[PDB]
């Protein structure tokens, strides 16, 4: 059940078995053979930096070369000591992977899932053993030169990082002849590029599952989960079900609304993350991908039945060896003839296992760790951690070490409560910005790219339902014992591989010009300066922008109570008054006039963020009830959906009794359409709408955090100034009182989270759904009319007044099919709404 993980030092000498020098043509940064270590069967670790760029450099480039957060260090992984640390790092993470059954099953799949000895171009009767998609050259330095002695046929190679150490998508990038086999069943050996000590971060600001005692926190990812995600790319690549990067979500950027200048998100990324976000890809797309892979598996089955010859021509003895290997890998049956065959039950089982079970969110629940809730959650500055140190991180518990204070109720992934997690400065982390500016074409403002919501381009999703189509008569839609072995094989004389490499592209900041002082201005007004001296709260956004010593507040009552100070009273009488005013204000809720589909609203969002230029005019509550839910999505165009694909039939098709089959198909296909259209609506919602509403959660949490940071700054000011009898004696009471603000902020966020979640769900029901039903009604009307005429056209033929029977088929168009969540296809969506409503 468990594949053994071997220990190594970088020192250990080459032994023509599991420590070798390997030639990796794909690595443009390093062109010699490099030392590799087989930590378990067919899985090799290569402690070297990697790049696929022409003219690779490890240096910080002059402008950004991607839409991802970046960090550059040419020294990283240069010395033999650093390589030793990296090597042992990945051995340790692999032991951790074996600490649950899901990770044991993953590793087993990789080891026995070796890439097929051939692709589409290989003759059907042939195994080709000569291709770089299966082979890596083994080389020894003899007589002043490198020399190929052998090959290996690995499953995964694990490199250190790209120039951008924070990179997390380079393992998807397949060059040359590796792409196609990865999508056509055959599969390709996989090459990961990884830096496990560098950990990406996330928060629980928008989750109702955050700690009531500690409040909202920023956590780091467990490195084992990060590495398992990467190895899930290897899995899809090896089993030949990789989804090509042509299938992807793209960002919409526009004038007049704010969205993130974000990366593309491949369908592979959505699959390997898992959970609800997989529904951004409608079932019609997912079904095609499954059916495609099925086709290729059947095709690999037929190949194994007809194989006579080999390349090279010598290797004819090895046919049975590889017939076994691949027969086991794809899990074929034998029919009574003796031939290999795809069992459909077994294929669907394998396929769903590789695509649903093996995903990030499943992994993180199994290892009992904190993790990103949804795909488009906010990223923060990362951290660094020496994961070899058993005081910081262990095989059994990860960061949750009991004897250091960490446990289920006090996670070791928490970045502020774990002082072994070393934070990276924004100085060292390069990212894109959106510059925001007043009036034409006060100062301009910078907004970091990660603090903007991702909104997908709608054309990015799926266009199937919008295509006119013709319906016809034929239209529809036990284990093996882990055994470590010598992996050397005899050299096939491979032709050398020279790959072009990728061109580098540079990327600019975006400048956006805006008519008023919007949310981003209102948030900047709330900030403290680095080196605070003597602050006061102000009710005037322009003033706070003006002077470093004035910070904006959206609570007038708070301003007077803060600025007073301690006027010959006891310190805590003032402090408690301030905190009780803050607390009591941020817990306010107002019930609204009119019949809105949202119960209560949170009134201070208006003056906090100036939504709709609503501050000064002071009318957030009415404006929201007037405009309804879409009021919160500033500038975002009214939801629209184009005309659906019409259904039509053949002109003739007079001959045959399956003139009638066409009609049953059109009716069933009309049902499929209502379904596919709802699914398309949920994708828009998840990739375009929920992200913009959640952006208000994050913006509200920032402003509550600025108000709190200002209250604390003024408390510290006033405590140094204070000289009363009790000063020394109330010290802990003051510290504790300041710390209490995190819990108070957190409880306000329960209300804001719930309000935002309601707004979001009602946008789906009020602003999107009616437009979709409209269009399905035009599609109904049209398809019925076309069915009437098909009958009337084929009047003389087929029917002996079976014509009259076909009228009642058009009484099936009386009913609409309104959107219904208590329905097996909407289960995942139902689950997610239930839980944040509780």
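Numbering follows the first chain given and starts at 1.
The segment from residue 531 to residue 532 is modelled without interruption, since every residue of the deposited sequence in that interval carries coordinates. The deposited sequence places no unmodelled residues between residue 344 and residue 345, so the chain runs continuously there. Here the stretch with the larger average CA B-factor, out of 301-309 and 670-678, is 301-309. Look at the mean CA B-factor for 263-271 and for 579-587 in the entry; the higher one is 579-587. Going by the entry's values, 478 shows the largest Cα B-factor out of 478, 756, 358, 455. You'll see in the entry that, of 516, 233, 76, 86, the Cα B factor peaks at 516. Residue 296: CA B factor in the middle third of modelled residues in this chain (values from the PDB entry). Residue 51: CA B factor in the lowest third of modelled residues in this chain (values from the PDB entry). For residue 80, the recorded CA B-factor ranks within the middle third of the chain. Only modelled residues enter the ranking. In the deposited entry, the Cα temperature factor of residue 656 places it in the highest third of its chain's modelled residues. Ranked against the other modelled residues of its chain, the C-alpha B-factor of residue 615 as given in the entry falls in the highest third.
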